[PDB]
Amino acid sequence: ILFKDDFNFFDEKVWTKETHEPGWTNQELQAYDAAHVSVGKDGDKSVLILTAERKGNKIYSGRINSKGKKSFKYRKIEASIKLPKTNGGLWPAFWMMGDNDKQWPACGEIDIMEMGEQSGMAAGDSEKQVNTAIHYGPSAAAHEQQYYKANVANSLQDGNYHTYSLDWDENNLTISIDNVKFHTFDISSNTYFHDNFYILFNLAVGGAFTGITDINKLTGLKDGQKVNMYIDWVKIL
């Protein structure tokens, strides 16, 4: 183990909490703020907690990153995550961007796990449909992306913690879920995935990815509701 965070506390030398207005990216409905990121207990576990809540028409959630604090290259990274039921517009993600000052997508982006996609609800598989992706290219105008979408065998939104893994070498990005290989992206000739990347976790609410960009269509977080995304640990081997 090169690095482990067991989330016994919020380590400010490793993580930064993000603050953003609603609609900052992807037509998302939440504001991100520091108050919606915490570390606390989930029974016997100590966990990172991203909390999405809705107060009338205002939605708040949490997002963190390790940019300029912890980054790596060509290692396996694994995280143990418990997800809320996403149906109706929640959008959790565990992902990475290049730890450099290039403007997205030129920094490079690896989406290890995303759930909540519009097509997942449309196929009645919202608890099982996972998206993994890579985005890259020199500018927003020249944004390229490769995606893989499929259903895992069992619900990932079942009240238990599940393991999401990235194995990374100079040729391949391999995503696994509960030790079952999900997809491999070939990056052997892709210049964007050969430098250090930092880690992100977030719980977005609505957004283009979900198909839900109008708060009136947001059934997955009703007025007065709070929902939590939990990360027991993250480690890099």
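Residue indices: 1-based, along the sequence shown.
Across the two stretches, 212-220 and 14-22, the PDB entry reports the greater mean Cα temperature factor for 212-220. The stretch 134-142 shows the higher mean C-alpha B-factor when 134-142 is compared against 88-96 in the entry. Comparing the listed residues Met115, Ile110, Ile81, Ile77, the entry records the largest Cα B-factor for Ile77.
Among all modelled residues in its chain, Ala150 ranks in the lowest third by Cα B-factor. The PDB entry assigns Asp178 a C-alpha temperature factor belonging to the middle third of its chain's modelled residues.
In the PDB entry, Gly56 places in the highest third of its chain by CA B-factor. Looking at the C-alpha B-factors along this chain, the one for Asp33 belongs to the highest third. Annotation for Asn65: C-alpha temperature factor in the lowest third relative to the rest of the modelled chain, per the entry.
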